[PDB]
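Trainee: Contents of input.cif (mmCIF, C-alpha atoms and all ligand atoms):
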```
data_start
loop_
_atom_site.group_PDB
_atom_site.id
_atom_site.type_symbol
_atom_site.label_atom_id
_atom_site.label_comp_id
_atom_site.auth_asym_id
_atom_site.auth_seq_id
_atom_site.Cartn_x
_atom_site.Cartn_y
_atom_site.Cartn_z
ATOM 1 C CA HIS A 3 81.017 49.364 -75.358
ATOM 2 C CA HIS A 4 81.453 45.903 -73.768
ATOM 3 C CA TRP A 5 81.062 45.143 -70.082
ATOM 4 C CA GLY A 6 83.699 45.909 -67.527
ATOM 5 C CA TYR A 7 84.059 47.566 -64.169
ATOM 6 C CA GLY A 8 83.487 51.395 -64.663
ATOM 7 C CA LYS A 9 80.950 54.082 -64.274
ATOM 8 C CA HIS A 10 79.596 53.436 -67.737
ATOM 9 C CA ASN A 11 79.961 49.663 -68.146
ATOM 10 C CA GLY A 12 80.355 48.258 -64.555
ATOM 11 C CA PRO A 13 78.142 45.851 -62.619
ATOM 12 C CA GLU A 14 75.111 48.046 -62.402
ATOM 13 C CA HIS A 15 74.979 48.111 -66.256
ATOM 14 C CA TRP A 16 75.328 44.394 -66.926
ATOM 15 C CA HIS A 17 71.634 43.570 -66.833
ATOM 16 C CA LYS A 18 71.111 45.419 -70.162
ATOM 17 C CA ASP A 19 73.197 42.833 -72.074
ATOM 18 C CA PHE A 20 72.731 39.976 -69.534
ATOM 19 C CA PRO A 21 69.228 40.126 -68.047
ATOM 20 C CA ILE A 22 69.956 37.146 -65.771
ATOM 21 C CA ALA A 23 71.931 39.746 -63.727
ATOM 22 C CA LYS A 24 68.585 40.355 -61.900
ATOM 23 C CA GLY A 25 67.878 36.595 -61.625
ATOM 24 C CA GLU A 26 66.964 34.394 -58.736
ATOM 25 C CA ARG A 27 70.335 32.869 -57.810
ATOM 26 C CA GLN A 28 72.972 35.548 -58.553
ATOM 27 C CA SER A 29 76.426 35.798 -56.904
ATOM 28 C CA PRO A 30 78.196 37.030 -54.942
ATOM 29 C CA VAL A 31 76.209 37.492 -51.681
ATOM 30 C CA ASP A 32 76.833 38.666 -48.193
ATOM 31 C CA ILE A 33 77.293 35.721 -45.881
ATOM 32 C CA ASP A 34 75.380 36.401 -42.664
ATOM 33 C CA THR A 35 77.386 34.093 -40.374
ATOM 34 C CA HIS A 36 74.720 34.116 -37.653
ATOM 35 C CA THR A 37 71.934 33.073 -40.000
ATOM 36 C CA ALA A 38 73.965 30.470 -41.980
ATOM 37 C CA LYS A 39 72.510 27.022 -41.108
ATOM 38 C CA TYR A 40 74.901 24.383 -39.770
ATOM 39 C CA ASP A 41 74.253 21.223 -41.714
ATOM 40 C CA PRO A 42 75.866 18.278 -39.746
ATOM 41 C CA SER A 43 75.315 16.063 -42.836
ATOM 42 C CA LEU A 44 77.646 18.223 -45.099
ATOM 43 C CA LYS A 45 80.837 16.128 -45.770
ATOM 44 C CA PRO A 46 84.400 17.368 -45.546
ATOM 45 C CA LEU A 47 85.567 18.913 -48.763
ATOM 46 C CA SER A 48 87.960 16.732 -50.800
ATOM 47 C CA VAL A 49 90.534 18.787 -52.608
ATOM 48 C CA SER A 50 92.801 16.532 -54.638
ATOM 49 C CA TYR A 51 95.341 18.713 -56.271
ATOM 50 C CA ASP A 52 98.445 16.374 -56.195
ATOM 51 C CA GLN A 53 98.431 15.782 -59.972
ATOM 52 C CA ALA A 54 97.521 19.274 -61.074
ATOM 53 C CA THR A 55 98.992 20.474 -64.359
ATOM 54 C CA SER A 56 99.097 24.258 -64.812
ATOM 55 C CA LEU A 57 99.764 25.377 -68.366
ATOM 56 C CA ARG A 58 99.477 29.034 -68.885
ATOM 57 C CA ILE A 59 98.683 32.337 -67.266
ATOM 58 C CA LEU A 60 96.524 34.793 -69.144
ATOM 59 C CA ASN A 61 95.426 38.451 -68.879
ATOM 60 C CA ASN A 62 91.878 38.399 -70.374
ATOM 61 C CA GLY A 63 91.177 42.028 -69.767
ATOM 62 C CA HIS A 64 89.053 41.330 -66.661
ATOM 63 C CA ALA A 65 91.416 39.363 -64.406
ATOM 64 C CA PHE A 66 94.333 37.008 -64.868
ATOM 65 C CA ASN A 67 93.611 33.257 -65.178
ATOM 66 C CA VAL A 68 95.996 30.425 -64.286
ATOM 67 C CA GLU A 69 94.777 27.572 -66.601
ATOM 68 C CA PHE A 70 95.125 23.851 -66.016
ATOM 69 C CA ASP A 71 94.966 20.818 -68.180
ATOM 70 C CA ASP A 72 91.452 19.552 -67.497
ATOM 71 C CA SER A 73 91.522 16.724 -70.098
ATOM 72 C CA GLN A 74 91.915 14.142 -67.329
ATOM 73 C CA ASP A 75 90.945 13.816 -63.618
ATOM 74 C CA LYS A 76 94.128 15.362 -62.273
ATOM 75 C CA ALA A 77 93.078 18.238 -59.967
ATOM 76 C CA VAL A 78 89.514 17.552 -58.694
ATOM 77 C CA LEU A 79 87.092 18.799 -56.117
ATOM 78 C CA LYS A 80 84.536 16.417 -54.628
ATOM 79 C CA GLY A 81 82.712 15.690 -51.378
ATOM 80 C CA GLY A 82 81.638 18.742 -49.412
ATOM 81 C CA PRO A 83 78.093 19.498 -50.710
ATOM 82 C CA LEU A 84 78.866 17.980 -54.121
ATOM 83 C CA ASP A 85 77.693 14.818 -55.815
ATOM 84 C CA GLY A 86 80.167 13.872 -58.371
ATOM 85 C CA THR A 87 83.525 15.011 -59.431
ATOM 86 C CA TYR A 88 84.541 18.423 -60.603
ATOM 87 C CA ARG A 89 87.740 19.167 -62.535
ATOM 88 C CA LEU A 90 89.835 22.235 -61.976
ATOM 89 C CA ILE A 91 90.020 24.321 -65.155
ATOM 90 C CA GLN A 92 91.438 27.660 -63.896
ATOM 91 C CA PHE A 93 91.802 30.056 -61.073
ATOM 92 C CA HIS A 94 91.726 33.810 -60.873
ATOM 93 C CA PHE A 95 91.281 36.594 -58.355
ATOM 94 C CA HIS A 96 89.195 39.726 -57.801
ATOM 95 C CA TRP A 97 90.784 42.616 -55.934
ATOM 96 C CA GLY A 98 90.501 46.231 -54.974
ATOM 97 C CA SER A 99 92.219 49.577 -55.451
ATOM 98 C CA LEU A 100 92.764 49.658 -51.682
ATOM 99 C CA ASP A 101 93.194 46.901 -49.030
ATOM 100 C CA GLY A 102 89.717 47.699 -47.633
ATOM 101 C CA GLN A 103 87.813 46.283 -50.636
ATOM 102 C CA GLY A 104 88.251 43.721 -53.408
ATOM 103 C CA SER A 105 86.347 40.592 -52.370
ATOM 104 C CA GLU A 106 83.023 39.687 -54.079
ATOM 105 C CA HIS A 107 81.554 37.695 -51.164
ATOM 106 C CA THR A 108 81.422 39.544 -47.880
ATOM 107 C CA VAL A 109 81.189 38.047 -44.294
ATOM 108 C CA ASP A 110 78.819 40.037 -42.025
ATOM 109 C CA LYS A 111 79.336 42.888 -44.576
ATOM 110 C CA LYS A 112 83.130 42.714 -44.179
ATOM 111 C CA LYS A 113 85.107 43.119 -47.453
ATOM 112 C CA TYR A 114 88.469 41.439 -47.874
ATOM 113 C CA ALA A 115 91.345 42.769 -49.984
ATOM 114 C CA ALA A 116 90.843 40.119 -52.622
ATOM 115 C CA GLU A 117 89.135 36.762 -53.366
ATOM 116 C CA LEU A 118 90.541 33.718 -55.122
ATOM 117 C CA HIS A 119 88.190 31.590 -57.249
ATOM 118 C CA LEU A 120 89.180 28.070 -58.213
ATOM 119 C CA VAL A 121 86.819 27.097 -60.947
ATOM 120 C CA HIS A 122 85.789 23.453 -61.458
ATOM 121 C CA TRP A 123 83.337 21.769 -63.851
ATOM 122 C CA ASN A 124 81.206 18.680 -63.320
ATOM 123 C CA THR A 125 82.690 15.749 -65.248
ATOM 124 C CA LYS A 127 78.848 14.551 -65.886
ATOM 125 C CA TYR A 128 78.880 17.195 -68.597
ATOM 126 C CA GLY A 129 82.089 16.403 -70.406
ATOM 127 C CA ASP A 130 83.506 19.930 -70.729
ATOM 128 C CA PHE A 131 83.348 23.432 -69.237
ATOM 129 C CA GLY A 132 81.208 24.875 -72.039
ATOM 130 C CA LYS A 133 78.490 22.334 -71.637
ATOM 131 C CA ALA A 134 78.684 22.427 -67.831
ATOM 132 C CA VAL A 135 77.910 26.204 -67.628
ATOM 133 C CA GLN A 136 74.532 25.501 -69.185
ATOM 134 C CA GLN A 137 73.540 23.221 -66.278
ATOM 135 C CA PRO A 138 72.287 24.163 -62.864
ATOM 136 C CA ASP A 139 74.931 21.938 -61.171
ATOM 137 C CA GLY A 140 77.652 22.481 -63.809
ATOM 138 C CA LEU A 141 80.328 24.316 -61.777
ATOM 139 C CA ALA A 142 81.779 24.250 -58.319
ATOM 140 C CA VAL A 143 83.754 27.412 -57.449
ATOM 141 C CA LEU A 144 85.960 27.259 -54.332
ATOM 142 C CA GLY A 145 86.237 30.789 -52.996
ATOM 143 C CA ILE A 146 89.065 31.839 -50.616
ATOM 144 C CA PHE A 147 89.420 35.315 -49.088
ATOM 145 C CA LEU A 148 92.769 37.203 -49.016
ATOM 146 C CA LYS A 149 93.679 39.589 -46.198
ATOM 147 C CA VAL A 150 96.836 41.686 -46.200
ATOM 148 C CA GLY A 151 99.462 40.720 -43.587
ATOM 149 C CA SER A 152 102.282 38.119 -43.870
ATOM 150 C CA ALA A 153 103.239 37.005 -47.409
ATOM 151 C CA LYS A 154 101.845 33.851 -48.971
ATOM 152 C CA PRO A 155 105.007 32.144 -50.293
ATOM 153 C CA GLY A 156 102.929 29.831 -52.548
ATOM 154 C CA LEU A 157 101.541 32.948 -54.313
ATOM 155 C CA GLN A 158 104.888 34.462 -55.254
ATOM 156 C CA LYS A 159 105.401 32.503 -58.501
ATOM 157 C CA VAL A 160 102.128 34.030 -59.769
ATOM 158 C CA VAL A 161 103.010 37.560 -58.655
ATOM 159 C CA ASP A 162 106.474 37.375 -60.238
ATOM 160 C CA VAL A 163 105.107 36.554 -63.801
ATOM 161 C CA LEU A 164 102.531 39.388 -63.862
ATOM 162 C CA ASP A 165 104.878 41.910 -65.394
ATOM 163 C CA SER A 166 104.931 39.573 -68.484
ATOM 164 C CA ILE A 167 101.119 39.720 -68.931
ATOM 165 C CA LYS A 168 100.556 43.289 -68.106
ATOM 166 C CA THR A 169 97.975 44.022 -70.778
ATOM 167 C CA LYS A 170 94.822 42.430 -72.159
ATOM 168 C CA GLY A 171 95.437 39.319 -74.329
ATOM 169 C CA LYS A 172 98.941 38.611 -73.064
ATOM 170 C CA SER A 173 99.793 35.112 -71.936
ATOM 171 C CA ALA A 174 102.772 33.238 -70.633
ATOM 172 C CA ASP A 175 103.775 29.622 -70.057
ATOM 173 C CA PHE A 176 102.990 28.668 -66.512
ATOM 174 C CA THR A 177 103.909 25.105 -65.728
ATOM 175 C CA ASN A 178 104.448 23.250 -62.470
ATOM 176 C CA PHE A 179 102.431 25.721 -60.364
ATOM 177 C CA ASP A 180 101.011 23.975 -57.358
ATOM 178 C CA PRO A 181 97.596 25.417 -56.263
ATOM 179 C CA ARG A 182 97.848 23.635 -52.860
ATOM 180 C CA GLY A 183 100.139 26.538 -51.888
ATOM 181 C CA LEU A 184 97.098 28.913 -51.973
ATOM 182 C CA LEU A 185 94.918 26.975 -49.476
ATOM 183 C CA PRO A 186 94.432 27.949 -45.841
ATOM 184 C CA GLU A 187 94.821 25.325 -43.092
ATOM 185 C CA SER A 188 91.079 24.714 -42.531
ATOM 186 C CA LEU A 189 88.581 23.511 -45.146
ATOM 187 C CA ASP A 190 85.535 24.657 -43.078
ATOM 188 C CA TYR A 191 83.140 26.286 -45.609
ATOM 189 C CA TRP A 192 79.829 27.933 -46.393
ATOM 190 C CA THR A 193 77.904 26.761 -49.439
ATOM 191 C CA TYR A 194 74.910 28.047 -51.472
ATOM 192 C CA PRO A 195 73.647 27.902 -55.079
ATOM 193 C CA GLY A 196 74.613 30.887 -57.218
ATOM 194 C CA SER A 197 76.113 32.120 -60.439
ATOM 195 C CA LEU A 198 79.190 33.263 -62.335
ATOM 196 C CA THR A 199 80.080 36.730 -61.049
ATOM 197 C CA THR A 200 80.999 38.050 -64.513
ATOM 198 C CA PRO A 201 78.960 37.964 -67.652
ATOM 199 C CA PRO A 202 77.356 35.769 -68.837
ATOM 200 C CA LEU A 203 76.341 35.527 -65.161
ATOM 201 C CA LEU A 204 74.997 31.981 -65.728
ATOM 202 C CA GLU A 205 73.261 30.353 -62.745
ATOM 203 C CA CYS A 206 75.383 27.153 -62.829
ATOM 204 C CA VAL A 207 77.569 27.425 -59.665
ATOM 205 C CA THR A 208 77.637 25.564 -56.369
ATOM 206 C CA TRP A 209 79.603 28.047 -54.353
ATOM 207 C CA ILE A 210 81.937 26.715 -51.604
ATOM 208 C CA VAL A 211 83.480 29.690 -49.638
ATOM 209 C CA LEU A 212 86.186 28.842 -47.093
ATOM 210 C CA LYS A 213 85.788 30.506 -43.686
ATOM 211 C CA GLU A 214 89.533 30.958 -43.152
ATOM 212 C CA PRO A 215 91.254 33.608 -45.260
ATOM 213 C CA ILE A 216 94.806 33.377 -46.472
ATOM 214 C CA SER A 217 97.148 36.238 -45.775
ATOM 215 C CA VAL A 218 99.166 37.834 -48.525
ATOM 216 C CA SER A 219 101.565 40.801 -48.235
ATOM 217 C CA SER A 220 100.954 44.302 -49.215
ATOM 218 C CA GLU A 221 103.658 43.922 -51.828
ATOM 219 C CA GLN A 222 101.932 40.877 -53.379
ATOM 220 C CA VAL A 223 98.600 42.658 -53.775
ATOM 221 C CA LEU A 224 100.312 45.837 -54.984
ATOM 222 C CA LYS A 225 101.622 43.796 -57.866
ATOM 223 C CA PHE A 226 98.079 42.707 -58.862
ATOM 224 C CA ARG A 227 97.223 46.425 -59.085
ATOM 225 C CA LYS A 228 99.911 47.098 -61.659
ATOM 226 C CA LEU A 229 98.090 44.983 -64.262
ATOM 227 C CA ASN A 230 96.055 46.665 -66.930
ATOM 228 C CA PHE A 231 92.514 46.199 -68.225
ATOM 229 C CA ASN A 232 93.573 47.704 -71.622
ATOM 230 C CA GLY A 233 95.557 46.152 -74.489
ATOM 231 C CA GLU A 234 99.186 47.154 -75.245
ATOM 232 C CA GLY A 235 99.286 50.495 -76.997
ATOM 233 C CA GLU A 236 95.887 51.474 -75.667
ATOM 234 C CA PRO A 237 95.673 54.083 -72.885
ATOM 235 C CA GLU A 238 96.538 52.750 -69.346
ATOM 236 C CA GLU A 239 93.643 51.713 -67.092
ATOM 237 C CA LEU A 240 94.859 49.901 -63.978
ATOM 238 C CA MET A 241 93.154 46.530 -63.339
ATOM 239 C CA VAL A 242 91.702 47.352 -59.873
ATOM 240 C CA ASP A 243 88.183 46.905 -58.404
ATOM 241 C CA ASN A 244 87.286 44.029 -60.700
ATOM 242 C CA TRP A 245 84.674 42.740 -58.178
ATOM 243 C CA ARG A 246 80.900 42.537 -58.397
ATOM 244 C CA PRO A 247 79.147 43.700 -55.236
ATOM 245 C CA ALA A 248 76.833 41.501 -53.144
ATOM 246 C CA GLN A 249 73.514 40.633 -54.802
ATOM 247 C CA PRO A 250 70.146 39.846 -53.154
ATOM 248 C CA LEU A 251 69.998 36.443 -51.460
ATOM 249 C CA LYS A 252 66.333 35.960 -52.516
ATOM 250 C CA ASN A 253 64.989 32.607 -51.777
ATOM 251 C CA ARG A 254 68.256 30.955 -50.632
ATOM 252 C CA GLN A 255 69.810 29.529 -47.442
ATOM 253 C CA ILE A 256 73.562 29.553 -46.893
ATOM 254 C CA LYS A 257 74.682 26.327 -45.194
ATOM 255 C CA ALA A 258 77.764 26.002 -42.969
ATOM 256 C CA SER A 259 79.960 22.877 -42.635
ATOM 257 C CA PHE A 260 80.918 23.995 -39.109
ATOM 258 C CA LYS A 261 79.303 25.485 -35.897
HETATM 259 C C1 LIG B 301 87.116 29.602 -70.500
HETATM 260 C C2 LIG B 301 87.433 29.402 -69.022
HETATM 261 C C3 LIG B 301 86.980 30.610 -68.190
HETATM 262 S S1 LIG B 301 86.198 30.061 -66.620
HETATM 263 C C4 LIG B 301 85.681 31.486 -65.541
HETATM 264 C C5 LIG B 301 86.228 32.825 -65.522
HETATM 265 F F1 LIG B 301 87.221 33.265 -66.390
HETATM 266 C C6 LIG B 301 85.705 33.745 -64.596
HETATM 267 F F2 LIG B 301 86.158 35.018 -64.584
HETATM 268 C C7 LIG B 301 84.682 33.422 -63.680
HETATM 269 S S2 LIG B 301 83.993 34.643 -62.539
HETATM 270 O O1 LIG B 301 82.426 34.752 -62.835
HETATM 271 O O2 LIG B 301 84.804 35.887 -62.918
HETATM 272 N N1 LIG B 301 84.226 34.197 -60.924
HETATM 273 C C8 LIG B 301 82.929 33.503 -60.579
HETATM 274 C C9 LIG B 301 84.197 32.135 -63.662
HETATM 275 F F3 LIG B 301 83.235 31.775 -62.761
HETATM 276 C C10 LIG B 301 84.668 31.214 -64.592
HETATM 277 F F4 LIG B 301 84.098 29.995 -64.460
HETATM 278 NA NA NA B 302 102.824 13.679 -62.209
HETATM 279 NA NA NA B 303 86.963 23.270 -72.266
HETATM 280 ZN ZN ZN B 304 85.745 35.025 -60.043
#
```
Would you mind writing the structure in this file as structure tokens?
Mentor:
Amino acid sequence: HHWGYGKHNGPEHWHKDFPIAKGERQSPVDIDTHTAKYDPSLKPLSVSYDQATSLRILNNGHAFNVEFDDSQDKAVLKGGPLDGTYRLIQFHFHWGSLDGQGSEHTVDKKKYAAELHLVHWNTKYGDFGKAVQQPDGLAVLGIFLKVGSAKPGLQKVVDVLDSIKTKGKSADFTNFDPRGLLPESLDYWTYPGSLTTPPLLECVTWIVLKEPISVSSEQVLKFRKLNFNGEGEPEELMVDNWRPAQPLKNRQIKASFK
């Protein structure tokens, strides 16, 4: 009876195994764009993905992860609200059963069809597993997806999904360029928060881009043909793998833009 996204083991249950679910800096949150504080001293975000090395794509039973070689400073995030250098380890998405829901963060209570999370760890701490135990261990770049025109830089990911349909499947995934998933503007909101799946550790500086990317209905339909179950177990479509907005508590969301 492990955690997942249903009536009996979904987000409202997670606090029984992970009590930090009711903690003081949990994610996601609703971003109130009118009450976000413009901070004219926030720097532009530096996304340096030219040398990125993807390796593999994996269905972990919760989402699919595109994994990168993070054994050298090859794909890094810095600047923005960050001190120090954070290495890209993987990205994944959260999405809905319908185009009207799927994102974890919301903007003035608006839900997007999906949300991309590019996960990075602070080189300070030497690897991802040590970094998640630190309050400034991770920087997650969050990008909303709306349904409209196709994102051509997403199609290599969508086309491989049929090979990792079920939990525990993986496939080689080299030479994928994550710059193809970025919108034109790097204007962002930022706040201190947490992982949005168990263990829900409060180790994340969240950086949420204001501009969504558009993907087609066909692209997101393909995400919804994945499965949460293993091969030869009964079919449960991988849809609605998002945690809803959590209380902001004693936090201020800062904006890089007016
Ligand atoms: C061993 C490498 C896995 S790194 C990972 C992940 F797989 C994940 F799902 C989330 S999330 O809580 O689901 N989105 C915030 C993360 F934050 C992560 F950092
Ligand atoms: Na190279
Ligand atoms: Na690692
Ligand atoms: Zn995520």
Trainee: Find the residue from A:85, A:234, A:101, A:190 that sits nearest to residue 117 of chain A; use all atoms listed in the file when measuring.
Mentor: A:101
Trainee: Using the chain letters and numbering of this document, enumerate as a ChimeraX atom specification the residues selected by the PyMOL selection byres (((chain A and resi 54) around 6) and not hetatm).
Mentor: /A:51-53,55,76-77
Trainee: Please dump the current selection as a CSV table (one decimal), in the frame of the given file; keep C-alpha atoms.
Mentor:
```csv
chain,number,residue,atom,x,y,z
A,51,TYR,CA,95.3,18.7,-56.3
A,52,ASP,CA,98.4,16.4,-56.2
A,53,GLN,CA,98.4,15.8,-60.0
A,55,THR,CA,99.0,20.5,-64.4
A,76,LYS,CA,94.1,15.4,-62.3
A,77,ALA,CA,93.1,18.2,-60.0
```
Trainee: Report as a compact mmCIF listing (two decimals) with C-alpha atoms, in the frame of the given file which protein, DNA and RNA residues come within 6 Å of ligand NA 303 (chain B), using all atoms listed in the file.
Mentor:
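Heads up, here's the output in pocket_2.txt:
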```txt
# COMPACT_ATOMS: atom_id res chain seq x y z
CA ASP A 130 83.51 19.93 -70.73
CA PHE A 131 83.35 23.43 -69.24
CA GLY A 132 81.21 24.88 -72.04
```
Trainee: Could you list, with a cut-off of 6 Å and counting all atoms listed in the file, the residues of segment 118-224 of chain A near segment 14-35 of chain A, each shown with its nearest atom pair and the distance in Å rounded to one decimal, rows sorted by chain and ascending number, as CSV?
Mentor:
```
residue,atom,partner,partner_atom,distance
A:196,CA,A:27,CA,4.8
A:197,CA,A:28,CA,5.0
A:199,CA,A:29,CA,5.6
```
Trainee: Could you write out that same residue set with C-alpha atoms as a PDB file, in the coordinates of the input?
Mentor:
```pdb
ATOM      1  CA  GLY A 196      74.613  30.887 -57.218  1.00  0.00           C
ATOM      2  CA  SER A 197      76.113  32.120 -60.439  1.00  0.00           C
ATOM      3  CA  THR A 199      80.080  36.730 -61.049  1.00  0.00           C
TER       4      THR A 199
END
```
Trainee: Report as a PyMOL selection string all protein, DNA and RNA residues lying within 9 Å of residue 160 of chain A, evaluated on only C-alpha atoms, omitting residues in the same chain fewer than 4 positions from it.
Mentor: chain A and resi 59+68+156+164+176+179
Trainee: My list of candidates is A:46, A:155, A:233, A:140. Which is closest to residue 181 of chain A when distances are computed with all atoms listed in the file?
Mentor: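 Comparing A:46, A:155, A:233, A:140 against residue 181 of chain A, the winner is A:155.
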Trainee: Running the PyMOL selection byres (((not hetatm)) within 9 of (chain B and resi 301)) on this model by hand, what would come out? Give it as an NGL selection string.
Mentor: :A and (29-30 or 62 or 64-67 or 69 or 91-96 or 106 or 118-123 or 131-132 or 135 or 141-143 or 145 or 197-204 or 207 or 209 or 244-246)
Trainee: I'd like the contact shell of residue 189 of chain A - 12 Å cut-off, all atoms listed in the file, skipping same-chain residues fewer than 6 positions apart - returned as a list in words.
Mentor: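 Contacts, in chain order: residues 45, 46, 47, 48, 49, 81, 82, 144, 145, 146, 210, 211, 212, 213, 214, 215, 216, 258, 259 and 260 of chain A.
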Trainee: Evaluate the PyMOL selection byres (((chain A and resi 98) around 8) and not hetatm) on the structure here and hand back the selected residues as an mmCIF file with C-alpha atoms, in the coordinates of the input.
Mentor:
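The resulting file, result12.cif, is shown below:
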```cif
data_model
loop_
_atom_site.group_PDB
_atom_site.id
_atom_site.type_symbol
_atom_site.label_atom_id
_atom_site.label_comp_id
_atom_site.auth_asym_id
_atom_site.auth_seq_id
_atom_site.Cartn_x
_atom_site.Cartn_y
_atom_site.Cartn_z
ATOM 1 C CA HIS A 96 89.195 39.726 -57.801
ATOM 2 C CA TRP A 97 90.784 42.616 -55.934
ATOM 3 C CA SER A 99 92.219 49.577 -55.451
ATOM 4 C CA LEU A 100 92.764 49.658 -51.682
ATOM 5 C CA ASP A 101 93.194 46.901 -49.030
ATOM 6 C CA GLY A 102 89.717 47.699 -47.633
ATOM 7 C CA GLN A 103 87.813 46.283 -50.636
ATOM 8 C CA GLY A 104 88.251 43.721 -53.408
ATOM 9 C CA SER A 105 86.347 40.592 -52.370
ATOM 10 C CA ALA A 115 91.345 42.769 -49.984
ATOM 11 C CA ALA A 116 90.843 40.119 -52.622
ATOM 12 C CA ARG A 227 97.223 46.425 -59.085
ATOM 13 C CA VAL A 242 91.702 47.352 -59.873
ATOM 14 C CA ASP A 243 88.183 46.905 -58.404
ATOM 15 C CA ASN A 244 87.286 44.029 -60.700
ATOM 16 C CA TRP A 245 84.674 42.740 -58.178
#
```
Trainee: From the set A:249, A:108, A:255, A:136, which residue has the shortest atom-to-atom contact distance to residue 41 of chain A, counting only C-alpha atoms?
Mentor: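 For residue 41 of chain A, the nearest of the candidates is A:255.
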Trainee: Please, what distance in Å, to one decimal, runs between atom CA of residue 231 of chain A and atom CA of residue 163 of chain A?
Mentor: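 Computed distance, atom CA of residue 231 of chain A to atom CA of residue 163 of chain A, equals 16.5 Å.
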Trainee: May I ask for the distance between atom CA of residue 152 of chain A and atom CA of residue 109 of chain A, given in Å to one decimal place?
Mentor: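 Atom CA of residue 109 of chain A lies at a distance of 21.1 Å from atom CA of residue 152 of chain A.
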Trainee: Could you state the separation of atom CA of residue 107 of chain A and atom CA of residue 248 of chain A in Å, given to one decimal place?
Mentor: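 Separation of atom CA of residue 107 of chain A and atom CA of residue 248 of chain A: 6.4 Å.
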Trainee: Which one of A:208, A:222, A:217, A:173 sits closest to residue 134 of chain A if you count all atoms listed in the file?
Mentor: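 Closest to residue 134 of chain A, using all atoms listed in the file: A:208.
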Trainee: Could you tell me which of A:87, A:193, A:169, A:56 comes closest to ligand NA 302 (chain B) if we count all atoms listed in the file?
Mentor: A:56
Trainee: Give as a PDB file with C-alpha atoms, in the coordinates of the input each residue that has an atom at most 12 Å from (103.0, 43.5, -54.0) in the file, counting all atoms listed in the file.
Mentor:
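Once everything was written out, this is selection-v1.pdb:
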```
ATOM      1  CA  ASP A 101      93.194  46.901 -49.030  1.00  0.00           C
ATOM      2  CA  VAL A 150      96.836  41.686 -46.200  1.00  0.00           C
ATOM      3  CA  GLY A 151      99.462  40.720 -43.587  1.00  0.00           C
ATOM      4  CA  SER A 152     102.282  38.119 -43.870  1.00  0.00           C
ATOM      5  CA  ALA A 153     103.239  37.005 -47.409  1.00  0.00           C
ATOM      6  CA  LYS A 154     101.845  33.851 -48.971  1.00  0.00           C
ATOM      7  CA  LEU A 157     101.541  32.948 -54.313  1.00  0.00           C
ATOM      8  CA  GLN A 158     104.888  34.462 -55.254  1.00  0.00           C
ATOM      9  CA  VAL A 160     102.128  34.030 -59.769  1.00  0.00           C
ATOM     10  CA  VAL A 161     103.010  37.560 -58.655  1.00  0.00           C
ATOM     11  CA  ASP A 162     106.474  37.375 -60.238  1.00  0.00           C
ATOM     12  CA  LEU A 164     102.531  39.388 -63.862  1.00  0.00           C
ATOM     13  CA  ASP A 165     104.878  41.910 -65.394  1.00  0.00           C
ATOM     14  CA  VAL A 218      99.166  37.834 -48.525  1.00  0.00           C
ATOM     15  CA  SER A 219     101.565  40.801 -48.235  1.00  0.00           C
ATOM     16  CA  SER A 220     100.954  44.302 -49.215  1.00  0.00           C
ATOM     17  CA  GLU A 221     103.658  43.922 -51.828  1.00  0.00           C
ATOM     18  CA  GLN A 222     101.932  40.877 -53.379  1.00  0.00           C
ATOM     19  CA  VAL A 223      98.600  42.658 -53.775  1.00  0.00           C
ATOM     20  CA  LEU A 224     100.312  45.837 -54.984  1.00  0.00           C
ATOM     21  CA  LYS A 225     101.622  43.796 -57.866  1.00  0.00           C
ATOM     22  CA  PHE A 226      98.079  42.707 -58.862  1.00  0.00           C
ATOM     23  CA  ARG A 227      97.223  46.425 -59.085  1.00  0.00           C
ATOM     24  CA  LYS A 228      99.911  47.098 -61.659  1.00  0.00           C
ATOM     25  CA  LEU A 229      98.090  44.983 -64.262  1.00  0.00           C
TER      26      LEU A 229
END
```
Trainee: Considering only C-alpha atoms and all ligand atoms, can you say which of A:10, A:252, A:147, A:232 comes closest to ligand ZN 304 (chain B)?
Mentor: A:147
Trainee: Report the centre and edge lengths, in Å to one decimal, of an axis-aligned box enclosing every atom of segment 111-115 of chain A listed in the file, padded by 5 Å on each side, as AutoDock Vina command-line options.
Mentor:
```
--center_x 85.3 --center_y 42.3 --center_z -47.1 --size_x 22.0 --size_y 11.7 --size_z 15.8
```
